[PDB]
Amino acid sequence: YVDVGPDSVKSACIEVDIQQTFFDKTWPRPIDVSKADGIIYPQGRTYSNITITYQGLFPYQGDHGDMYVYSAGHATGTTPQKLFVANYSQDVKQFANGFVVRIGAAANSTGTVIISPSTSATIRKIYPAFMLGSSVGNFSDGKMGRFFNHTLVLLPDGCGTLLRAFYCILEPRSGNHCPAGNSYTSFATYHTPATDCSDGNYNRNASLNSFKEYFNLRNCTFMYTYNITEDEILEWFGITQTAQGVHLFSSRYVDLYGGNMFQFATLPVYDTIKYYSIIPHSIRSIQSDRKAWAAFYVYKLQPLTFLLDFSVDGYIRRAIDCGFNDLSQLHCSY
């Protein structure tokens, strides 16, 4: 197994306040495949200046998906306090065929800081974190959201300048507020901008260290790091699984401005991924420096027939979900 660094030496976990109702907003961003939302590029062959019919894994037209939001944590003036999160860790969802993710759509526009709904701020992109695995259950106090055996964790870090992917056993820790300890509400990750995100010194392990406060990492088969260029550009992220492993897709390298998703990693994860959950993250800022973080949207993939329209440049810029209605079926037959 891989060395993933020392365990947390902290005697306890940070207290976590779950207030789902502050995170239940209707900020609708549904799939529009006529703009090629949520399209993974067909693998094995490229196409150019042509319209084809293709069977693959696609979102359905108009799917609202599931929205997730991250928030600044509690703070009194200069002192951060409890984390502040939604109930995402208890909401385990079925992986099925995988999913695609709309990231940073609201960035640059005016938004709310969540924890203080009247305080407004310019929305900034934030990356989602995921927990995926093949066996789930409950923590000792009965709360849902526990992943057993080897679990895949996708965890951004470094103030959004890297992504970590690792496959380890998650051993819940036993200190106060930890998942096998006293007064457990939810696990969460966090970072502290004042000491984690000044210029030229981004802590590449802030989020990982906060994760290690809730779980000891055991028998880790791999830990991969992917560097991220910093910007406010919206992007798409996807994940599927085949017998060859878990496949990670992004728009960033090949189609940064257009959103087409291409595979950038294959993970040696060969147990069938059946469940996933969104890992809550809370930003430990002081009151006067809270930011607004853009919501991310997850949409499930299913085997569907799409008409795909490729531009001269080779990119998909328009598609048709043929099974949407009778008229769409005939459009796909040209």
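Quick note: we count residues from 1 along the sequence shown, nothing fancier.
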| query | finding |
| --- | --- |
| 194-202 versus 171-179 - greater average Cα B-factor per the deposited record | 194-202 |
| Of 138-146 and 73-81, the one with larger mean CA B-factor | 73-81 |
| Out of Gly259, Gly104, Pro128, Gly245, highest CA B-factor residue | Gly245 |
| Residue of maximum C-alpha B factor among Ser251, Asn216, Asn87, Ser118, per deposited coordinates | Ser118 |
| Third of the chain's Cα B-factor distribution that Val33 belongs to, per the entry | lowest |
| Relative C-alpha B-factor of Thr21, binned into the chain's lowest, middle or highest third | lowest |
| Chain third (lowest, middle, highest) by recorded CA B-factor, residue given as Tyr54 | highest |
| B-factor third for the C-alpha atom of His281 within its chain | lowest |
| CA B-factor placement of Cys220, once the chain's modelled residues are sorted into thirds | highest |
